[PDB]
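Asker: Residue numbers (the numbering used here): 5 to 276.
Even for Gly, the Cβ is constructed at its ideal location relative to N, Cα and C.
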Amino acid sequence: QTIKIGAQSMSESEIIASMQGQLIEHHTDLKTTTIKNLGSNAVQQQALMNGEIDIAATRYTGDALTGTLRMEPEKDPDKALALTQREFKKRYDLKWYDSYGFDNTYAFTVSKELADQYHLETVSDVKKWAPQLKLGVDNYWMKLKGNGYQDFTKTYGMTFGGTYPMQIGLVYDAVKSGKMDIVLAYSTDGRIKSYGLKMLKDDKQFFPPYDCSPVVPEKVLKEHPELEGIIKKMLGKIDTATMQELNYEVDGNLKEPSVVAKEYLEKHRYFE
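Right, dumping it as structure tokens:
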């Protein structure tokens, strides 16, 4: 105490951070606080190693494997998760837990209308139309090194009419309003379904798995043996469809992540 729980700048990260916090406080005498607006993955990793945070609420296997670990790329979600867990324990004395039950992947996304008009189901379907299209992307994907824009341009070999970086939160309205024709969205965003959008299949498997787990140093788990059993209550409980809905409560309906987390915990009676 106090258990410091870290969140990056994503609704789901704040929701999940609040969930664990409230859960910990529901079941034990531990106090918690949330550290929000954490930056890049390297920044988040550094916070975990020095003590700025005691629990990382949301980490994604794909980011850890290619970014933090710099490992041989792995296409299979279960093998990627197992490798990530063993290397985090061996290199960093960190426990990467099993997944909450959801993955949050980059996903090329269009309106249902434009999908019908251009006959789009897969990312390769976009290839022949690309020179006429405007693509909106987040603020870091253009310069991202492993599975960023450069490597996309080599693997799929299409070049867009224009490329437009912006706060990820804005891409959903950008494509829905027709200001962008296609966007690299995040798959857990509830605005995809609610705005009548459609995710295109990554037929080449350019993107690695991105299953989401909490991460805690073995030091912290030793000093607070009650922590393990509480975190375990959340594992496998939140699938992608469910995370999308929780996200929409924040992004679309403007509710506080803490309120959304509480209402979810109340529904599930705090997992006993």
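Whose C-beta lies closer than 8 Å to the C-beta of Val175 among residues of the same chain, with five residues either side of it excluded?
Answerer: As a first step, residue 175 must be located in the sequence shown, where it is residue number 171. If we look at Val175 and ignore the five residues flanking it on each side, its Cβ neighbours are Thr113, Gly140, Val141, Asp142, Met184, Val187, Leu188 and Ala189.
Asker: For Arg195, collect the residues of the same chain with a Cβ closer than 7 Å to its Cβ; drop the 5 residues on either side in sequence, then sort them by chain order.
Answerer: Indexing the sequence shown from 1 puts residue 195 at position 191. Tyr176, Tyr252, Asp255 and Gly256, listed in sequence order.
Asker: My understanding is that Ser191 touches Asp107, with C-beta atoms under 8 Å, so please give their C-beta distance in whole angstroms.
Answerer: For this step, residue 191 is matched to residue 187 along the sequence shown. For this step, residue 107 is matched to residue 103 along the sequence shown. Contact holds; Cβ gap of about 7 Å.
Asker: For the structure I just gave you, are there three or more beta carbon pairs, one from the region 162-181 and one from the region 234-253, closer than 8 Å?
Answerer: The region 162-181 is not in contact with the region 234-253.
Asker: Looking only at C-alpha atoms, which of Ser44, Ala265 and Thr38 sits nearest to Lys147?
Answerer: Here residue 147 refers to the residue found at position 143 of the sequence shown. The shortest Cα separation from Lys147 among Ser44, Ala265 and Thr38 belongs to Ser44.
Asker: Does the beta-carbon of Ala21 have 16 or more other beta-carbons within 10 angstroms, so that it is buried, or is it exposed?
Answerer: Taking the sequence shown and counting its residues from 1, one reaches residue 21 at position 17. That one is buried.
Asker: When you compare only the Cα positions, how much space is there between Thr163 and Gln136?
Answerer: Your numbering for residue 163 matches position 159 in the sequence shown. Your numbering for residue 136 matches position 132 in the sequence shown. Going from the Cα of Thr163 to the Cα of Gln136 covers about 9 Å.
Asker: Would you say the region 152-172 touches the region 92-108, given that touching needs at least three Cβ pairs under 8 Å?
Answerer: no
Asker: Once you ignore the five residues that flank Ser198 on each side, which residues in its own chain have a CB closer than 8 Å to its CB?
Answerer: Here residue 198 corresponds to residue number 194 of the sequence shown, with the count starting at 1. Here the set comprises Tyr252 and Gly256.
Asker: From which residue to which residue does the beta strand (DSSP E) around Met247 run?
Answerer: Here the question's residue 247 lines up with position 243 in the sequence shown. Not the beta strand (DSSP E): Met247 falls in the alpha helix (DSSP H), residues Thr244 to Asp255.
Asker: For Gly71, collect the residues of the same chain with a Cβ closer than 6 Å to its Cβ; drop the 5 residues on either side in sequence, then sort them by chain order.
Answerer: Numbered from its first residue, the sequence shown carries residue 71 at position 67. Cβ neighbours of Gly71 beyond the five flanking positions: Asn45.
Asker: Is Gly25 buried or exposed, if buried means 16 or more other CB atoms sit within 10 Å of its CB?
Answerer: One-based indexing of the sequence shown puts residue 25 at position 21. Buried, since its Cβ has 16 or more Cβ neighbours within 10 Å.
Asker: Just to confirm before moving on: does the CB-CB distance between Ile39 and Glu56 stay below 9 Å?
Answerer: Taking the first residue of the sequence shown as 1, we reach residue 39 at position 35. Taking the first residue of the sequence shown as 1, we reach residue 56 at position 52. Taking 9 Å as the Cβ cut-off, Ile39 and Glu56 qualify as a contacting pair.
Asker: Thinking C-alpha only, which one of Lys131, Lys138, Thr88 and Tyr268 is nearest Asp206?
Answerer: Along the sequence shown, read from residue 1 onward, the residue named residue 206 stands at position 202. Per the Cα distances, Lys131.
Asker: Less than 9 Å between the C-beta atoms of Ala119 and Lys208, yes or no?
Answerer: The count along the sequence shown starts at 1 and reaches residue 119 at position 115. The count along the sequence shown starts at 1 and reaches residue 208 at position 204. No, these two residues do not count as a Cβ contact at 9 Å.
Asker: Which residue marks the beginning of the alpha helix (DSSP H) containing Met170, and which one marks its end?
Answerer: The sequence position of residue 170 within the sequence shown is 166, counting from 1. Run containing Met170: none; DSSP gives neither H nor E here.
Asker: Relative to the C-alpha of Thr109, which residue among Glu267, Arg273 and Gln248 is closest?
Answerer: As a position in the sequence shown, residue 109 is number 105, starting the count at 1. Considering only alpha carbons, the answer is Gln248.
Asker: Sort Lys271, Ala134 and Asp97 by Cα distance to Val220 and report the nearest one.
Answerer: Locating residue 220 in the sequence shown gives position 216, where the first residue counts as 1. Cα-wise, what sits closest to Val220 is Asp97.
Asker: Determine the extent of the beta strand (DSSP E) in which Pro221 is found, giving its start and end residues.
Answerer: Taking the first residue of the sequence shown as 1, we reach residue 221 at position 217. Where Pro221 is concerned, the enclosing beta strand (DSSP E) stretches over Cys216 to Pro221.
Asker: For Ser198, does the three-state DSSP call read helix, strand or coil?
Answerer: Here residue 198 is taken as the residue at index 194 of the sequence shown, counted from 1. Three-state result, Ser198: helix.
Asker: Let me confirm a value: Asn41 is counted as buried when at least 16 other C-beta atoms fall within 10 Å, else exposed. Which label applies?
Answerer: Here residue 41 is taken as the residue at index 37 of the sequence shown, counted from 1. Looking at its Cβ environment, which holds fewer than 16 other Cβ atoms inside 10 Å, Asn41 is exposed.
Asker: Excluding the 5 residues flanking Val224 on each side, which residues of the same chain have their C-beta closer than 6 Å to its C-beta?
Answerer: For the purposes of this step, residue 224 is taken as residue 220 along the sequence shown, with counting starting at 1. Answer for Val224: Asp58, listed in chain order.
Asker: Compute the Euclidean distance between the alpha carbons of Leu69 and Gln49, then round it to the nearest angstrom.
Answerer: On the sequence shown, position 65 is the one that residue 69 refers to. On the sequence shown, position 45 is the one that residue 49 refers to. Computed Cα separation, rounded: 12 Å.
Asker: Do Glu16 and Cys216 have their C-beta atoms within less than 9 Å of each other?
Answerer: Numbered from 1 along the sequence shown, position 12 holds the residue referred to as residue 16. Numbered from 1 along the sequence shown, position 212 holds the residue referred to as residue 216. In this structure, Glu16 lies near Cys216, with their beta-carbon atoms less than 9 Å apart.
Asker: If you measure between the beta carbons of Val264 and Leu250, is that distance less than 9 Å?
Answerer: As a position in the sequence shown, residue 264 is number 260, starting the count at 1. As a position in the sequence shown, residue 250 is number 246, starting the count at 1. For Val264 and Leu250, yes; Cβs fall inside 9 Å.
Asker: Leaving out five residues before and five after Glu222 in sequence, what residues of the same chain have Cβ atoms less than 8 Å from its Cβ?
Answerer: Here the question's residue 222 lines up with position 218 in the sequence shown. Contacts found: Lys93, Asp97, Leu98 and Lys99.
Asker: In terms of residues, what are the limits of the alpha helix (DSSP H) holding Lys158?
Answerer: Here residue 158 corresponds to residue number 154 of the sequence shown, with the count starting at 1. Run containing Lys158: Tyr153 to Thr159, per the alpha helix (DSSP H) assignment.
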